[PDB]
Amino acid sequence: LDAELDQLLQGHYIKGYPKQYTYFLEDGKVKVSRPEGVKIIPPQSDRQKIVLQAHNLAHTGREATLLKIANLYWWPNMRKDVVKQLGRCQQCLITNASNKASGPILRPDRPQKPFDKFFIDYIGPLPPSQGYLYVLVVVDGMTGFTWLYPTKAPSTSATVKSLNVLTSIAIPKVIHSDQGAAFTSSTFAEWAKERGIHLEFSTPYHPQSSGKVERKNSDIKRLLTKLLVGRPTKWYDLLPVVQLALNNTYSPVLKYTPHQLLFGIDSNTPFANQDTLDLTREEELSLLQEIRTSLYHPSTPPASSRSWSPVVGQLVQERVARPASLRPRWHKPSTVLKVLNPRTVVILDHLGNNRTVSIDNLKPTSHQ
């Protein structure tokens, strides 16, 4: 815009240019003596190219791009133009890291009854023990009661074999698992349908969603580690020992063991509780029904100083699962279709696929 800069040299006011400054012509270009020093005022038609040239030197953010521009030029609302370029730079949007934390975690309600929901997962590969490399961990959501199965692979065939032994005791309403090959197979879906079990899947690459079982994996590995100190890692024979030990371990916050929450009475194990000895099984089951309802439940923690919670229509970016060397950590922007809860969202990428993802695997696209 050379017509815009023409009236300026003359001396009449233009919206955005402070009238208290001296706008002259020198070396064939419009200049202004500013407190910082003499700067060139480029015509509006040149500004986009200037911002892009400065930004492209090192793909700098707002202030670092501005500081370069400001060395030579001045124009009204320079950062508005810098931010407009930052918001259009695909390389910056997909490579830069987020600086906004996810909103506070949800503490999903504890399943009401034993067998309402099982959390399943695999531990491994572990050092070989009798040809076995993996452990299928099955944690009952209400009680925390765990079943352990040694496997040669994290497969559907091994999961089905293990769960047919477990389901001889009782059948769960739901089986929650991550999106591992063993659990997402059509053969596993078919196995569950046959039994009336609903399969629930965690959002991709979010093990916190399977937190109930993940946390038990920690305890299983910790005990196996302790029992194998200064001995070869022959864990196979220890699985039944670890299962029984953990199922009979008190949770200091609950003041109950997973066994007690499942049966309301201790079996013949060391230090069995004898407090319901004079009660009848019915009186004991009545007290168990009361204990199961009054267990402590944690609540969502405070949001951090700079958290973000999803909004329908918002431009958001999914995290690249296994990013290759020197490749962006983020996918191209997507739009939030449905907000399932403040931590789970349905997105539509540029491809056109609907993905249910955790907000931990998303960043809000910068500069709107």
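Residue numbers here begin at 1 and follow the sequence given.
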Selected stretch [higher average CA B-factor]: 1-9 or 359-367: 1-9
Higher-scoring stretch by recorded Cα B factor average, 30-38 or 323-331: 30-38
Top Cα B factor in the deposited entry, candidates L277, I220, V137, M142: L277
Out of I105, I291, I120, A245, residue topping the C-alpha B-factor column of the entry: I291
CA B-factor placement of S307, once the chain's modelled residues are sorted into thirds: middle
Position of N273 among the chain's modelled residues by C-alpha B-factor, lowest, middle or highest third: highest
Chain third (lowest, middle, highest) by recorded CA B-factor, residue given as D237: middle
CA B-factor ranking of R281, expressed as a third of its chain: highest
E200, C-alpha B-factor rank within chain (lowest, middle or highest third): middle
